[PDB]
Structures are given as C-alpha cells and as structure tokens.
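This report refers to the structure that appears directly beneath it.
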There are 2 protein chains.
Amino acid sequence: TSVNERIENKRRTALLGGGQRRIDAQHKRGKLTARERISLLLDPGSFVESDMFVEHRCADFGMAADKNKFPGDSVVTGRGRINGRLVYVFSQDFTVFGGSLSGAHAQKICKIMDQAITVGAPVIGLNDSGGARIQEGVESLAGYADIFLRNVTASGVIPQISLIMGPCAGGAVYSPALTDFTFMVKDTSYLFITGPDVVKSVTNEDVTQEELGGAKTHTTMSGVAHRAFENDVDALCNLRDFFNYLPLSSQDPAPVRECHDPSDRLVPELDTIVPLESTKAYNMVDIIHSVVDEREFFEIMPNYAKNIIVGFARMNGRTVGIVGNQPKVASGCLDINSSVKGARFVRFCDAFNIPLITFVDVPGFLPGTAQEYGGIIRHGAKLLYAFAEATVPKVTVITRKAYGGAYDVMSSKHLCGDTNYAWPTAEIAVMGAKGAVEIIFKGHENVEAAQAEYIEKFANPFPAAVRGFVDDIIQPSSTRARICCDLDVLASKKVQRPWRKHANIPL
Amino acid sequence: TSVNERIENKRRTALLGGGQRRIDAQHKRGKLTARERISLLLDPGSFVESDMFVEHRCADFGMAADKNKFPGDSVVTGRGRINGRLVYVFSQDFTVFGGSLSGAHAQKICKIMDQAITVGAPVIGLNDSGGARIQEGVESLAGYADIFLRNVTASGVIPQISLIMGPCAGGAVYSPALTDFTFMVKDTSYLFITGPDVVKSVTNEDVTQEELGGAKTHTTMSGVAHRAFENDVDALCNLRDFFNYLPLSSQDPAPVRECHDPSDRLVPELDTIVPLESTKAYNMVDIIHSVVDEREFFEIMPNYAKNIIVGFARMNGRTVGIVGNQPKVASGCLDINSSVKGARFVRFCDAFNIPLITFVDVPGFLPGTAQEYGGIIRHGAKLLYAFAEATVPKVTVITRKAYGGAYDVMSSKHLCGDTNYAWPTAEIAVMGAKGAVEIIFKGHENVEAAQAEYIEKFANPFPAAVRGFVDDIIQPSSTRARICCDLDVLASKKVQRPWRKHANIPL
Ligand SMILES: *C(=O)CCCC[C@@H]1SC[C@@H]2NC(=O)N[C@@H]21
Ligand SMILES: *C(=O)CCCC[C@@H]1SC[C@@H]2NC(=O)N[C@@H]21
C-alpha cells in the first residue's frame, strides 16, 4: 500500500465517522449527523475542515487497538462563512464513542477558539455529548478546563452562540452557561448534570428524561434556554437568520444592512393601542412589530418571564435590541425572573455596540413572600445595573405607567440615557393618585376634593416633563421616525468612565 | 501498603533520581548532580521544588514499564532566593534517561517560565542534555517549540541567564542563543548541534569533542559563550555574584546596593596612564579598575574580541555597564567581532535600565579584505544602532583617539548622549594630521609649514569642544567623581520616541 492510498482511506473513514449502522440509528432517531448539520449551517462550499487526521493518544484499556482509532476523534471543527461573513464552528459527533469528550477532542475545539479570538470571528457550537470519556480519566477534565478558560476569555470579544441538538451531561453543560445565547431543539435535546438514575438513587422522587432536562423545561421554567426550535433543519435555518443580526467582534459597530422600509413613515396604528382605562391591559407586542423594520422581530424566551419582552430587530438597517414590559401578564410588574432575563440581554447588547430601545409600562414590583424570600431586592438590582452601566445609545419610550422605583430601573433618563419620549397617556409618579392622596391628606376634611385636585394635576405626563425627565411628548404615530432619527445620530457617541479592573454587578 | 507509605517512597525515588550508580559516575566525572547544584546556587532553605511527582505519559517502546517511571522526569524545577531576591531556576538531571528532553520535561520548564514572567522574576537555567528523547518522537519537538516561544516572549521583560555545565546537543543548543548571557565550564561543557560522528560522515575532516564544541572554542573563537569557569563549584559561586548586578525585571531600576567607597574621591593614578606618544599603547583596564567602586569589575568574554572591553561594575552602589576600547590590541580598531560583542552587551543594558559608561580610544576600522569580505559594513552598523537606540543614561569619556566614522559609532553626543568628557590628550578628527594635510594641501609649495600649522590647530581636543561636541575637558583624576554626579541625576531621565511595532536592527 502506497502513502497516497493510505491517505485516501483515512479521508473516507473520517467522513464516515462511527460507521454506517450508527448513522442509521441517528437518522431513525430523527437527527442529522454532525457533518450534515454543518453543510446546512454554512454557505455552500465555504467550509474548511481542520485537523481531520487527529487521533487520540490514549493507549490504556485497549484504546491502543486499531478498532478504536477513529480519525476526527468525535468532533467536526473548522471555519466557513454565512452570507459571506466569516464564522468558526464546531459540531460534536455522537457516532464516535458516544460523542464523549477526550483530551484531543477539547484540543481541536480550543484551537479554533484561539483563531476566532485572534482574527475577531464569532464561534457557533452545536453540542451533543454524553459527557467525559472515562477511559482517559483526568485528561478529559483538563479538556473541560481549557475550553472553559477560552469561553471566559472570549466573553465581550466575540459573540458565542450555542445550539444544543441532543443530550448533554457532565461538565459539558457549563459551556452553554458561559456563551451568550443558548438554543435547544424541542423533544430532541436535553440538558442535565446527572441523569434520572442518580436523582432516584439520591432522593426518593420519580422523574423521566424529558422532565429532568427537557427543552420545554429549560425554555419555560428554569430560564436557561433562550428558544427551542421544532427540529434540526428548522433550528439551523433560524440560526442562520439570527446570525445575520450580530457583529463579528466587539470592535465592530452593529451591522447595517440594506433596507427598503422608509425610515420616515408614520404608524397610525399606534395611536389607539393604549387604552384610557387604567385597568385594561394591552399587548405590547403590537407596538414592537409596528415600529421595527418590515415588522420582523426576533423574540427571545417567548415562554419564560412573559411579563418582559426582549429581542432583536432592525431599524433603518441597523441591528437594535428591544426591551419592554408586557402589561398583558401580571399587570406588567417586575419580578425575579423578568429581572434576570432583562439584565442578561441588555449586557450582551451593550458589550457589542447594539443600541437599546426600551418600551416602559411598569406599575411596580410583584408583591408577596414568594418574591421577598427569593431575593427580589438582590435580583431587581441586576436590571438597574445592566442599564446604568451601558454606554451604547439608549432610547426610551414610556407608553402608560411608570410608578415607583421601577421608573428608574426601566432605563430612565437619569441613568445616562440619550432620549426619553412619553406618549400622551404616560404617567410618572411615586405611586398612583389613590395611595398618594390617602397618605398626603390624612385626617383632613373634604378629602374627595383633594383627590380630584391631585388627579387633575399629577395623573398625566406633565409633572415629570416640566422637570426635564422627558424630552418631548409625542404622538404615537410618529414614534418610529423619532427613534430612527436618534439612532442615526447617536451611533458615533462615545462616553468616558473611570478606570476599573472589572465590573462588580450585584449578582 | 498505605497511601502515605507510597508517597514517602515516591519522594525518596525523586531525590535519588537515576540511581546511585549513575550518581557515582557523575562524581567520578567531576560533576555535581542537578540537586546538589541547586543547593549551592540558592540561599539555604529558600528552594521550593514544584511538580516533583510528574511522570511521562509515553507508553510506547516499553516506556509503560514500571522500570522506566522516574518521578521528576529528568529536570529539577522550582523557585528560591539569592540574597533575599526571588529567582526561578531549573537544572537538567543527566542521570535519568541521559537528561534527554521529553514532552513533560519541557512542560515543567515552561510552567516556571510562565510564573517568572507573571511576577517579574529572573530565570536561571543550568543546562546538561544529550538532546531529544527519540522514544516519544515528535512530542519532544513540541517541547522545544514551547520553550523557544517562552524564551522569546520573556526577552526584555526578565533577564535570562544560562550556564552550561555539561554536553548539549540537538535543539537544546538554541535556548542559550535566546537568553541574555551564556556561561560555560572549562573542559566539562560542550555545545554543538551534531557530534563528531556526523561531521566525519558528512565531510572528510577529523575532529574530537573538545575541538568541535568545547568551552575554549566558544569563549575564544566563535564568540558564543560569555565566560568559562574552572569547575562546577566556582561556576556557581561566580554566578551568584553575577546575579547580584541585575534587576529582577525590566520594570525595575538598576539595583542600588550599600556602598562604602566615597563617591567624591580623586583618582590621581589616571593622569599619567595615557602616553603622549601616539604610537605607544596602554592598557584600558587600568582606567576601568580605578574608576569603579572598590575596584571590582566583572569582565565579559575576556578572551574574545580583545580589542573591545565590555562588562559590569558598580558606581556609588548602582549597577552600570561599561564599554571601552583596548588600544593594547590591534591599535584599538573596530572589526567585525568587536562590533558583535558590543551591540549585544549595550542592548541588554538598555533594556533593563542599566546606565552606560563608554571609554573611547579608537583610531578607525581594521582594514583589509578579511573584514570587507566578511561584511564589516553590515556588522559595524550593529554597534552604531545599539547606542543610537538607547534611552538609558550614557556617559562617554574620550581618552585619546577618535578618528573618522568610529567617533560616532562609539556613542558620541550626537546619538542623544547625556554627557561627554575629554581628557587633555583627546583628539577628534576625520583623520590624522598626516593624511589630512596631504589631501588638503596638494601640489602647493611649503607643505611642511602647512603641516606644522595644521597640527598646532587641530591635533588637540579644541576644534570639537568649541563646537559643542564635548561638554568639558577634565583632568583625568576627577573622572570618577564627575561620572558619579551624572549617574545620580540622570537616573530619573525619560525620553519620548515615536511608536513602532518593533525595532529593525541591521543584523
Ligand atoms: C391592591 O391594593 C394591590 C395593589 C398592587 C398594585 C401593584 S401590584 C405591584 C405594585 N406594587 C404595589 O404596591 N402596587 C403595584
Ligand atoms: C598605514 O598607512 C596604515 C594605516 C592604518 C591606520 C589605522 S588602521 C585602521 C584605521 N583605518 C585607517 O585608514 N587608518 C586607521
């Protein structure tokens, strides 16, 4: 056998992976293989695979046998482009040793992370594993340590996107916790530290795989996964479109893309969304959809902390992040869960120079022992900090209510905001007229007259505007045009801040 | 066997190394072991050994047998102090696998280099090896690559001192080429890429070990080793004293140490060293010894390029570097070899904030085809650059001759010097009076009168001094006091220079 023949056989084996019968199982299971997934993700013909001939060096427990020598060592790594833009990817291959992490496995992933940091290119990981490769022992633990170090170092330098498309257990579960966004695939992906076998052995509780770490749990109740997609093909199609929003590095401005939607059009549909009756809820999403370019909005965590809306959109071609209250759910009140989702989203957009638009309608905080015992004070400070720290353009629109300390938490002008607009129905106060009059006028005669006088003077947007809290009071139909104008002039804004070794968010 | 018993046996094996019989050979050979050498080098009780329990992971060619498992894997690494000052060291142990370099071998060395860079501590290596460990194959080549990368990265950050105390072959020979100073041990150390067996196989020439790569060759003819010491014990004793001159990092000022030698004393011995007869040589070393604190001078490469003197000394407690000509050898003329030694010494002292004192007495360059064919133009530019680039205090004293372009090469005031003094016998000119008059007065009558007129006006230190080339003309007896005064006021001097990615020395 010649050298060239050996090489050709090594290429064909790396392409097959764990063997055709294991591929057949993956397809029976409704899953794509690691190499098929890359072909869908990246532009045709743009993918360049690295280190395809790397094999493990472990010789213990029979691992020195030729029957265990799978070139590629369970990961596909390399670089490519999505719509002409450079991206680094890796995808874990479940057909070789179960997708378990070896020393060399982690290495290959680390090397492309080092290039991505060096050139300033994003990294997308497609995760699917069973955990560490116990046959090597502590080399897989060193593998995890090296990946974790890169994931932390890359934070704020390049965006890191993780899509989980299968099981995930052991140390693998912490890389999505270090990246910026985590997505899952409904009823196909799992994310858990230990399996149901350990849970039942430790505590006398019964649980199945879908209940312990299923995609529905992590997108609806734990707040870990940002969005689950129906299947592998739809998940990668939406991932490509999501990719188009983000810059390649934090040194880059928010991407600007060709846009046909006139920036100066009016939106008459906004003038009557907000009811005059204070106890009538409305859907904030109708406002978000009508303002954003071509009515396209990418919603993050649609099923978790529904009282606050966060997501991506484009206005006049430029990527922006949108945060707003949802009065339809829990009167639009802040709670622990909403503060966690908000702070994380805001922090990402600030780090990568993506402007923020805030739609405020918040009557206060959710009362009760469930929130007080949960540390609502500690968690609420997370959203206040996330806005106060921001140095990217911030445009706030107040649609109806902003009572109490929630006024400042939801990116008020006094946290170094750029512009703040009020709609005619906006009301800014420490509390509603009923509470304020009962406290201010206590024991006096003709309280009912005092109630009428207070409402006429303070139950509107004027006592705040005349003080400099609001820059203008605008007709809702003009909101989009007003925001577009601010975005196109604040984009070159820089501010100074004292030197710090690093930030100290309340956590 | 309990866990504690196993640990105690692992400690005793690491201390023994390659076994008592191999130690016996080392002592028969007149050599100390790697651990005995550290005890001599570092302050008693200050040494802390790291990673004493590390073993190789190679399982091929029988390397998995328990009989090959030597804890420490042929290197002693760790940290300590010399006179209270932190230093990182490693010493290669020849008794385990011949001192050959394994993957893990290089690792352990790299880890202490990473700490030394992080804290700002010097590194001293004691080298003794036979080359790569061929049983591992390409892992030892990766080992060399990682060491080389650290040695380059540390340059200009911490000083790196290498003492070779045994054979050195293969890739190992390049680490002393990356460090700042290389020392050897006479008739015990060797430094060669390939052995005499390869040389005789390639070319029809006979050579022995001492001729191919002996300490005498590298200190006298190739200019690679800075100084050879008689034996292992004397080599480490002089190394400790050398260590006391250098700062721990380039962020530190030149060390200042208690000194009893008055800074303002006169040195009458200098007034009559330089003869009035222009063709009478004198020994520059008598001037150097009489100026420096307590007449202590550390001479570098005493037997190579004897026409130029470089070394370390202290004036008023502060470490300084001294460069000067030696008129005793080749009239004090510059050549290829002298330019190489000078530029390297000057560059080190500048990088680590050690002031320079220059004693100039140079009639020009060595003529002939031996120098022209050797690239005297290219090599002479090395010393000119090394001085011109310097940003540390530079004090120049001109004792007798400075003709031609050599005037500027030997750190003239026009290369951003701080002070420049002339002795009464100094003469600065493009060329001597005889050549200048024959060229200026060609074909004229009464040339002999023109010769007398030229000598009376130009053959002294005045045509340069009246132009601003010399700051003062001083009596030699006051030289030391004048230099001490300049050093104590230039020490806080900083200059600005345009931004550069990196320097581009002519090479
Ligand atoms: C009736 O008195 C209940 C009042 C709750 C109104 C809302 S709920 C959360 C905010 N906190 C608060 O005190 N008022 C707001
Ligand atoms: C006799 O004419 C030889 C003159 C050499 C004098 C010295 S040697 C090196 C310098 N170069 C030079 O032209 N003169 C100096």
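Here's how to read the names in the structure tokens: chain A, B, ... by the order shown, residue numbers from 1 in each chain, ligand numbers from 1 in the order shown.
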
### Message
Show me, as a VMD selection string, the residues that have an atom within 10 Å of residue 110 in chain B when counting only C-alpha atoms, minus same-chain residues fewer than 2 positions from it.
### Response
chain B and resid 77 104 to 108 112 to 116 143 to 144 146 to 151

Excluding same-chain residues fewer than 6 positions from range 56-64 of chain A, what lies within 7 Å of it counting only C-alpha atoms, as a PDB file with C-alpha atoms, in the first residue's frame?
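As written to disk, selection05.pdb reads:
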ATOM      1  CA  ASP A  73     -11.980  11.920  17.416  1.00  0.00           C
ATOM      2  CA  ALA A 104      -7.728  15.681  21.923  1.00  0.00           C
ATOM      3  CA  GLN A 135     -11.292   5.697  29.661  1.00  0.00           C
ATOM      4  CA  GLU A 136      -8.790   8.567  29.638  1.00  0.00           C
TER       5      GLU A 136
ATOM      6  CA  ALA B  59       3.501   4.131  26.724  1.00  0.00           C
TER       7      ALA B  59
END

### Message
ligand 1: which residues are within 8 Å, counting only C-alpha atoms and all ligand atoms? Reply as a PyMOL selection string.
### Response
chain A and resi 331+333-334+363-367+403+431

### Task
Select from range 372-458 of chain B everything DSSP, run on the backbone, classes as helix (DSSP H, G or I), then give the selection as a PyMOL selection string.
chain B and resi 372+376-388+406-409+413-415+433-440+447-458

### Query
Quick one: residues within 8 Å of residue 157 in chain B, only C-alpha atoms counted, chain neighbours fewer than 4 positions away excluded, as a PyMOL selection string?
chain B and resi 117+120+153+249-251

Output N, CA, C and O atoms for every residue in that selection, as an mmCIF file, in the first residue's frame.
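Ended up saving to result_15.cif:
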data_model
loop_
_atom_site.group_PDB
_atom_site.id
_atom_site.type_symbol
_atom_site.label_atom_id
_atom_site.label_comp_id
_atom_site.auth_asym_id
_atom_site.auth_seq_id
_atom_site.Cartn_x
_atom_site.Cartn_y
_atom_site.Cartn_z
ATOM 1 N N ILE B 117 7.516 35.183 34.381
ATOM 2 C CA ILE B 117 7.049 36.332 33.619
ATOM 3 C C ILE B 117 5.922 37.034 34.365
ATOM 4 O O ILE B 117 5.919 38.264 34.485
ATOM 5 N N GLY B 120 7.492 38.776 37.495
ATOM 6 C CA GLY B 120 8.641 39.614 37.236
ATOM 7 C C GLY B 120 9.894 39.173 37.961
ATOM 8 O O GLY B 120 10.516 39.976 38.650
ATOM 9 N N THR B 153 9.378 35.396 24.233
ATOM 10 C CA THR B 153 8.432 36.281 24.902
ATOM 11 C C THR B 153 9.052 36.965 26.118
ATOM 12 O O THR B 153 8.847 38.166 26.329
ATOM 13 N N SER B 249 13.411 42.545 36.926
ATOM 14 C CA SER B 249 12.571 42.715 35.752
ATOM 15 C C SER B 249 12.951 44.025 35.084
ATOM 16 O O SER B 249 13.603 44.877 35.682
ATOM 17 N N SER B 250 12.526 44.184 33.832
ATOM 18 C CA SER B 250 12.802 45.427 33.129
ATOM 19 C C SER B 250 11.958 46.571 33.655
ATOM 20 O O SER B 250 12.164 47.712 33.243
ATOM 21 N N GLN B 251 10.998 46.291 34.532
ATOM 22 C CA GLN B 251 10.204 47.360 35.117
ATOM 23 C C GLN B 251 10.918 47.977 36.307
ATOM 24 O O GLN B 251 10.473 48.993 36.845
#

### Query
Which is closest to residue 336 in chain B among B:407, B:304, B:348, B:97, if we use only C-alpha atoms?
B:304

### Task
May I ask for the distance between CA of residue 316 in chain A and CA of residue 473 in chain A, given in Å to one decimal place?
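Straight-line distance from CA of residue 316 in chain A to CA of residue 473 in chain A works out to 22.7 Å.
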
### Selection: 6 Å around range 206-213 of chain B, only C-alpha atoms, excl. self and same-chain fewer than 3 positions, as a list in words
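With the cut-off at 6 Å, the set is residues 190, 191 and 192 of chain B.
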
### Query
Got a sec: who's within 12 Å of residue 359 in chain B, counting only C-alpha atoms, leaving out chain neighbours fewer than 4 positions off, as an MDAnalysis selection string?
chainID B and resid 283:288 291 308:310 321:327 332 394:402 407 410:412 420:423 426 479 483
